[PDB]
């Protein structure tokens, strides 16, 4: 019946900057937890790379944070989750969670008419990761998967509130509005920045599922299960970001998306 106070940080790894929305949710849902994040922007994206490379690079980010003292790991990008998560999870002693199943679980729980949609990059959509995960849980589901090619560029360019964004989202999601979908999974970590526009286009009757937000929800439970929670008396005292690419660009994007002022971003080297 011993509750332990563990102030070690929770680690988050990503090939790019999308995972920052998962961190944003962690800051809100887990106010007392310390955070470490690595963005391998020098080698982003991982999608087109052979599994061997993806695994190698994901291991390099993992090893870096483990050495920095993390007590739990969140693999924030889709490719690393689908390709390297199982190997890393099996080798490490710390808990490891990805960003596909949590969102899938939530979608299955929220749908009422079993008409579920998922939007994301063409890589994610073509991999069928979400469709397969959804049907393995509820085979009767009618799943519509739609790639949204330009959403990422709009968000990374910090133009997710512009007229260009409203047009791109409206035109891209058009065919998705006539499927009677009542639950839509935001299958790309960049998409939460476009949520208001996406919600308006889909309509108030469509429940949006933020995969990253659901992942953080699982982390909250896992902290309790594994007795790894920090104490509120300590609170969050550390939030550090690392990037293999431009620290300047990373900082600009991160500070904009998180909207909480100055953030600590350090350029690092991997492999």
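Numbering follows the first chain given and starts at 1.
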| query | finding |
| --- | --- |
| Mean C-alpha temperature factor, higher of 204-212 and 60-68 | 204-212 |
| Residue stretch of maximal mean CA temperature factor, 110-118 vs 92-100 | 110-118 |
| Maximum C-alpha temperature factor, selected from 240, 220, 53, 237 | 53 |
| Candidate residues 74, 170, 133, 188, the one whose C-alpha B factor the record puts highest | 170 |
| Within-chain third of residue 247 by Cα B-factor, per the entry | middle |
| Residue 267 CA temperature factor, ranked by third within the chain | middle |
| CA B-factor ranking of residue 259, expressed as a third of its chain | highest |
